[PDB]
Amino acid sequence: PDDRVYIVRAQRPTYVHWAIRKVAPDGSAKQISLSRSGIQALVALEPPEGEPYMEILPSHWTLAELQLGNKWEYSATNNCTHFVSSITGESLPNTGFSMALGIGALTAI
């Protein structure tokens, strides 16, 4: 019940990565966003990366965690901003796609 959950923002070289992070009382953290396996984008845990942008509800974590391993169809109009916004209801600037790299910008697992 003491877990805190945030939208986090990580500036990457070609685009802005958005994620959801859960921080435990002991300061350990988990983070979910979009990654890829080869050419397949997907929802995945990732190392905590980036700066807290906005605190949100614990229930938002559950929504993200329930999507782990789902496929994602990655595009200019469907990227990490949309993943986070669809969970949280928060508007984020559509900064979350790399025109130069497209899906290549996502971290490989």
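For every residue, the number given is its place in the sequence shown, counted from 1.
**Q** Would you mind comparing 71 to 79 and 29 to 37 for me and telling me which has the higher average C-alpha temperature factor in the entry?
**A** In the deposited entry, the stretch with the higher C-alpha B-factor mean is 71 to 79.
**Q** Going by the average Cα B-factor in the PDB entry, point out whether 93 to 101 or 5 to 13 comes out higher.
**A** Mean CA B-factor is higher for 93 to 101.
**Q** Using the B-factor values recorded in the entry, state whether the Cα atom of residue 20 falls in the lowest, middle or highest third among the modelled residues of its chain.
**A** It falls in the bottom third of the chain.
**Q** Taking the chain's C-alpha temperature factors as the reference, tell me which third residue 64 falls into: lowest, middle or highest.
**A** Residue 64: CA B-factor falls in the lowest third of its chain.
**Q** Per the entry's values, where does residue 56 land by CA temperature factor relative to the rest of its chain, in the lowest, middle or highest third?
**A** Residue 56: CA B-factor falls in the middle third of its chain.
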